[PDB]
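Peer 1: following this: a sequence and the matching experimental structure.
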Amino acid sequence: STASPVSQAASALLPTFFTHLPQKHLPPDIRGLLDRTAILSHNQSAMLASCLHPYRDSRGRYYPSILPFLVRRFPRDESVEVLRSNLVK
Amino acid sequence: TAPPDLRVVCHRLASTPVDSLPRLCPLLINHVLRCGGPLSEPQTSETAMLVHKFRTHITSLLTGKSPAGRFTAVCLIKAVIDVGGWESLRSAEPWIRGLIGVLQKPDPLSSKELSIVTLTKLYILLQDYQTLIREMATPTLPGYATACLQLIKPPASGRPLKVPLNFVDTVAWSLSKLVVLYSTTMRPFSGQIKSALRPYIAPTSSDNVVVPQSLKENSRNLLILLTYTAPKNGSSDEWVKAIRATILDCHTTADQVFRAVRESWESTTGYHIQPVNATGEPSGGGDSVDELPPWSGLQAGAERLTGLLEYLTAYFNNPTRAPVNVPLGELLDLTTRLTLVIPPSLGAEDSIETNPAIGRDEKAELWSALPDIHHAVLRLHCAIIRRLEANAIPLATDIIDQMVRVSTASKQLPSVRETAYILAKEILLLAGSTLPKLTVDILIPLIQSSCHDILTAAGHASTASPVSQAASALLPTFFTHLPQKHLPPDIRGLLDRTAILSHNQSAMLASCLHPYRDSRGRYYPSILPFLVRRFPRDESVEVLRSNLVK
Amino acid sequence: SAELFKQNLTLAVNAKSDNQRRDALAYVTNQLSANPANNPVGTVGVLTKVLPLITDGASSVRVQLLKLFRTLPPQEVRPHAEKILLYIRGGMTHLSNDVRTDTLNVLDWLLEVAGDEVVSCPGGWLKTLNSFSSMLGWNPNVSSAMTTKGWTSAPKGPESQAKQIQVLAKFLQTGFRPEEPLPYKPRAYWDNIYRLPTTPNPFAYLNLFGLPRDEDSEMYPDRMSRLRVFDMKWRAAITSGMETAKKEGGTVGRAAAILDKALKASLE
Amino acid sequence: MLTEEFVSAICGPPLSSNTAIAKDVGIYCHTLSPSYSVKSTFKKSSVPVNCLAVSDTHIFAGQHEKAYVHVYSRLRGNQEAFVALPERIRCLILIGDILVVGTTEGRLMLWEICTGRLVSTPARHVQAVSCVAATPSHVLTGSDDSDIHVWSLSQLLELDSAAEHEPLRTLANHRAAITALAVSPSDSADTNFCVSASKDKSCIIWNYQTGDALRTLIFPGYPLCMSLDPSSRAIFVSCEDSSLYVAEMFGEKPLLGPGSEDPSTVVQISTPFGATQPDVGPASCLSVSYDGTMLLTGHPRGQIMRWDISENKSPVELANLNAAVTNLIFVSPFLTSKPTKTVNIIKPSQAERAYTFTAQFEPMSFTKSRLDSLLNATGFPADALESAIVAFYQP
Amino acid sequence: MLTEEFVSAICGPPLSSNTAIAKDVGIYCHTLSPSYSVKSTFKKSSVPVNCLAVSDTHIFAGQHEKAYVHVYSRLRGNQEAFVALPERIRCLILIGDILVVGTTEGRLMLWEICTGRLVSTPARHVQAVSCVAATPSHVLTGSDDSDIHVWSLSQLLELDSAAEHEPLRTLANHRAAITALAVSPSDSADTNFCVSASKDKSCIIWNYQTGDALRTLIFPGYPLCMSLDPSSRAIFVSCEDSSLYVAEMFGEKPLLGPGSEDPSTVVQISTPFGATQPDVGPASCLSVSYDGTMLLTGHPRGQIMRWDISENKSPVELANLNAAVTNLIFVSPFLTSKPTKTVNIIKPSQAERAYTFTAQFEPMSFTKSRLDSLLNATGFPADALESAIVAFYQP
């Protein structure tokens, strides 16, 4: 199906829900829905934002990173090339 | 309890006169698109009564004598087939014939265009449901095709075309959308389309008709996709034969265009240049059906060659039904021939070999005509890169040479520079990380020109320009997909300075990710303090700040 | 010894003799108690073989399964709670009261070794509430099915009911335990990105490769959402149940007293 | 719904007399998620280690003993092609629509399946080429001569190229035959790496574009098979001691990165993540799932193990295919938009011809028109409506 | 390649009786690159430490022991305002259009220079607010009660909020008066940090959104001022012993990161990067250039000292101002396109009025049209040319 303007506006808003929204007040189901939406929509900005803004539980343990999906969907994009900066030397 | 949108629609349709109904069309369409529920409800409630009255009033407007009512009916039918789903699809059999009758009757051109768009949307939406093609699309489609071909068919040889070329564009676009889905039904109509779209493929200045660009593109797409209607699965054979005929027409036109310049080009495919008469103006074309309309004059030959190159571009812009044999070698040979003839610098016309019989005016027209031909060749190369992706790696070396030669021949034309930047970005993204030292050295003037354009647009030698945008898109690629070892240090310094002064975040990220290596071995400083101070809260800049520093 | 372990496990899961099965299971339990490393097929394999056997008609054989469970390593039990809990659903569902009691003991074991995994696994909360309310007879769905339209019918052991209410109260307090945060780990944020996940069954909340989950099968890992769904759907029914059990009195009344304490702490 | 699939290839005669499992079937196509289920079968193939390649249109399978490759069409579910290569095939991978074949003679063929063009490199390896990895830019060939050669793909494949092809670099700090090669997906000159396993019980992490050895790891046994995790965090290797070893590059003692030690320092790895019983055998092949949480290991006794790294150290048997499972290749559950479709494959041939490309052109809507906005918009656009109304009311 | 500029402020009476510099002039504006010269002057002010703020249009300067802020119009060269405050100023900073002032009574004040609002907070501090720092979301105030309070900007600047404002957290591990505060460029919850400096010879690096104290640093003397390097790698700190120290957070041993020690373990810095003579005195203020290669200090005897961080050369005197250089603020060499220009400011008034925002609207093309493309494009676009020709030839 084609991309509707409402879908494009929501896709432009999806990374912002990670970058500029407090994740400590966010329910876990909404975080899971956001991660599912990013992965199944192939939003590399949203996947990078979810990796860089992890979700803390009530325990204090971070959730696993989306990153295995991002590196397999966009293996050579700038989003993963910036995450591979620890091997630059 | 019916929707208030449906009540508003029914009340306004009942009260508003038909002559003012087109002015009331924009709000009615919004209300119908809001009416999603009852229109999709299959067949008592007030919702059902109002839906039945609304459909009856639509049919009354469509079958009425009022052209304004017909226009309102077309708009409402488009809205209903958009919002109502399969019930609105199956309750639309008189609507299709009414829409065709709108085209047949002397209605205004906007109403005809909207009827064509509505009918195309109908025939596209019926492809989901296999039976509705059989009862509904299949009988009504030949009448629609006959009406369209009657509208766009020339009335007489001594009479001009009645409909506007912008309307011919809409008809060609609709047929282009329908051939891919209904090849068998409009197989008999393929003969009339090929005669109707013949002047609009490669129009010249000798045709005395200003042909629209969208009409040209849609005619090219339609005559390329008309191979779908080939009987006995002859789609691939017709596609290959047509593209090879186009290449041959390009070569025969290029003979008459380049009769002035004595060429050192040789053909790997085996094409030999026919002799061209020295006397008279260069002429080409004929009245035959298979060949394009005739042209007179060297400039007209140049637009003929440019139009044929854009038709070859449309070949890679359009899909195919079956696997086809793409003549990549012939296309590469054609582009090599068209790029081996280059405009000179100031005073190098004596250096470039020319035929003695050709006059100075014809020469000057030729060297003015060459940059547009080179631009068309570069656009064709960009289309080939886009379609083949990693399959143009075998062709990667030659297109680099042609691009560098064209850019160095005409580095003063902003359009040629912009196209060179786009093609350079595509090629360097494709196969750029393994380019040798010689290729890196010969693409250095492109780097200098791109940095100069970016700095000129940034003001640190202006405003936004397409050339500046193309160069700014190309700028991170010089760090990501170019060998840093083969780059001279001044080139790297110019690139870093240009990225800093243009505040290009992607280029600065790439420059921080790719430190520069010299022969001595000393670490050149990174431009990371500039990137952190200009873009402090960016997520990738934070990762670079936390990783490269460690 | 590994071949002996495999053949004894196979005879325990396949043989028709209750005495031979109980002796083989006692042998496996003895080797697992003497050395947890003496497990050639692994804890997952042992669980996969012995979990269909929890619905056995032999109460003594079920007792040796309980002993084998209690000598299995809890840290290896924890990642595979969902299959054990589904077999526990089958044990709750089976009509035999002795099988129900032994499966209640197995559920008490599984709660003891892994409370958080059971209350956070997919379907671990609301389907458990379905099972408890079904075999306590406080189910609103069962009550609505029994009730008719228009008609008004007349209004209508102890150790088993006391055990059921005790296990329900323990499950409720386990799901509603107060939680405290961990201290600050200096190198957790970067290791979360640059290292493999150490959480058992990661990406379960995504459920990308699984069946779509309704309310019953959705995960409720945190206490706030657990309390939200519990107050939305199951407060009043088991409230009436604990009031009825209080009116019953006895050991059922005592189990109702622990249930009342747990539900009052939940209301806090 | 997302379903994860994998293609298995078996070799050799059957080892048990089972009438349920057919002998002549060589290739299986399975679903791992949500459960094990055999989707499809492909007939008459004995495919050794590293001779299977899977793409969305076709499965390429080099044959044991014979110098043949069987091409099967996944779209039509049949055996499309019997292609004969000039020499013995030892390893076979696919990059794009270009098949890389490493021989026993030491040669490499690059066969473009759409143009039907075969490019043969000179025998720069003095013995058999064991393993090959590829990127869109480079090809790494590790052979039995303790040598790994790095080749430029764009240099290897050109039109009218007559110069003899030469590797860019050679990495020869190994001292035994190279068993396995894996390459990070990054093509950057500063972040790329490859990891190589050889018979000297050693794995070396290299920067193959700069020719620098980043890290050396030593195992108790020589590694038979290797795979990186998707997110490049760890290496999963099997050994001849039937053990499965994990090596994380960014742990508390990092193999790579800023906190890592000197490249001359050699790390000893002796802690095994997993072990298989000798009746199952050592892992002949290994693959890693899309999420990276699971990894499949194929053993020459016929069993397939699934390993859940987080959940269970002990493997779980999916099935027994009654033959030595030499290849397991995962398939991505997401559909990737590719501008051309390779329906049929042009056989390799040596003759004079114009460079012709054979593929089906998919619809990508590269051409955009203003009528498409009216067509794809719900209702009509407001400007289109109002322009139509104005031109309608105008005479 | 760039023209850097910096503004200095002087305080107190002139130390020398006779000098070429005017005794009246209190604020100097200089160009550092490519040559040192005084580009402009501003007449009458006595600015204490951390009481200067520079924008693109104005310079705000608090007075010494007075409740006065002198506002100078940088785009006109004169003094525009003599703005009075309810309490005397200990510190002031500028963010956006809000002037954040830490007073002598323990209060935080926010003056919106474009609207005229003056939001005051209850005295959560018990002594004078020594230093203040601002993020786009938070305001950190460190006072002499060894307490740093973190406030949220939105709930501070809410229009109709009449409830008493309260800090979110209290970063209290220090034992003496907080001298200095610096904030990382990052604003995310997990990647930010803030570095304090107090009179207990200590500097603590905190995460000001979680409250955790990441690192503790002991200096031989109590710090006076710090400055972060542009890459957030080094913390330049002036001390009482006339010495500037460089603490490198992410160097050979990471203070913050994966290879760091426990946060409880304290790191001591004892190696001075630079030293000044007793006649020079300890540096009253520090600042780092835009490139980060160059550093400037202000000294109570009037001299400005240039230090080369990269070359590690000896410091050089720029000029002597005959009075204590309390504040030195660099200006960014590049211009950021700000949507509204504050030509004039509104004095703080407490009265019943509608919320009015006063600024000038700049032309930056928020609207677009088909005719704008015709104007901006060189010649006409081909499609518009073609449409014009068709409309012309149409009868």
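Peer 2: That came in fine, so what should we check first? Numbering: from 1, shown residues only, chains lettered A, B, ... in the order given.
Peer 1: closest residue of chain A to chain B?
Peer 2: residue A:85 (3.8 Å; Cβ to the nearest Cβ). C-beta: built from backbone N, CA, C; applies to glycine.
Peer 1: my guess is that residue meets residue B:514, correct?
Peer 2: No: applying Cβ atoms under 8 Å, one finds residue A:85 not in contact with residue B:514, separated by 10.9 Å.
Peer 1: grab the nearest non-local neighbour of the residue of chain A closest to chain B.
Peer 2: Distances taken as Cβ to Cβ, 6 or more residues apart in numbering or on different chains place residue B:547 nearest to residue A:85, at 3.8 Å, with adjacent residues excluded.
Peer 1: then residue D:209?
Peer 2: When the adjacent residues along the chain are set aside, residue D:209 lies closest to residue D:189, with 5.2 Å between them (Cβ to Cβ, 6+ apart).
Peer 1: tally of neighbours for that neighbour?
Peer 2: For residue D:189, the neighbour count with other Cβ atoms under 10 Å in any protein chain shown is 21.
Peer 1: my guess is it is in a strand, correct?
Peer 2: No: using DSSP: H, G, I helix; E, B strand; the rest coil, the assignment for residue D:189 is coil, not a strand.
Peer 1: I figured residue D:380 hits residue D:371, correct?
Peer 2: No: counting by Cβ under 8 Å, residue D:380 does not reach residue D:371; the two are 11.0 Å apart.
Peer 1: list the residues that contact both of those two?
Peer 2: residue B:117 (Cβ atoms under 8 Å, 6 or more residues apart in numbering or on different chains).
Peer 1: look up phi and psi at the residue of the stretch 51-200 of chain D found nearest chain A.
Peer 2: For the stretch 51-200 of chain D and chain A, the shortest gap (Cβ to the nearest Cβ) falls at residue D:185, measuring 3.6 Å. Backbone geometry at residue D:185, expressed as degrees, to the nearest 10, gives phi -70, psi -20.
Peer 1: same question for residue D:169.
Peer 2: Dihedral angles (degrees, to the nearest 10) for residue D:169: phi -140, psi 160.
Peer 1: try residue C:33
Peer 2: According to degrees, to the nearest 10, residue C:33 has phi -70, psi -40.
Peer 1: burial of the residue of chain D at minimum distance from chain C, as a residue count?
Peer 2: Proximity to chain C, evaluated over chain D using Cβ to the nearest Cβ, is greatest for residue D:314 at 3.1 Å. For residue D:314, the count of nearby residues is 20 (other Cβ under 10 Å).
Peer 1: what helix or strand does it sit in?
Peer 2: Under the criterion of DSSP states H and E, residue D:314 resides in strand D:312-320.
Peer 1: tell me which other helices or strands that strand touches.
Peer 2: helix C:42-50, strand D:274-275, strand D:303-308 (3 or more Cβ pairs under 8 Å, 6 or more residues apart in numbering or on different chains; DSSP states H and E).
Peer 1: 7 Å - rerun?
Peer 2: helix C:42-50, strand D:303-308 (3 or more Cβ pairs under 7 Å, 6 or more residues apart in numbering or on different chains; DSSP states H and E).
Peer 1: partner strands of that strand, parallel or antiparallel?
Peer 2: Paired neighbours of strand D:312-320 in the sheet (DSSP bridges): strand D:303-308 (antiparallel).
Peer 1: got the angle for the strand it pairs with vs helix C:42-50?
Peer 2: Per axes from the mean of the first three to the mean of the last three Cα atoms, to 10 degrees, the angle that strand D:303-308 makes with helix C:42-50 is 110 degrees.
Peer 1: show residues contacting strand D:303-308.
Peer 2: By Cβ atoms under 7 Å, 6 or more residues apart in numbering or on different chains, the list of residues contacting strand D:303-308 from outside reads D:244, D:274, D:276, D:280, D:293-298, D:315-320, D:325.
Peer 1: returning to that earlier point: helix or strand right after the strand holding residue D:314?
Peer 2: Next element after strand D:312-320 (DSSP H and E): strand D:324-331.
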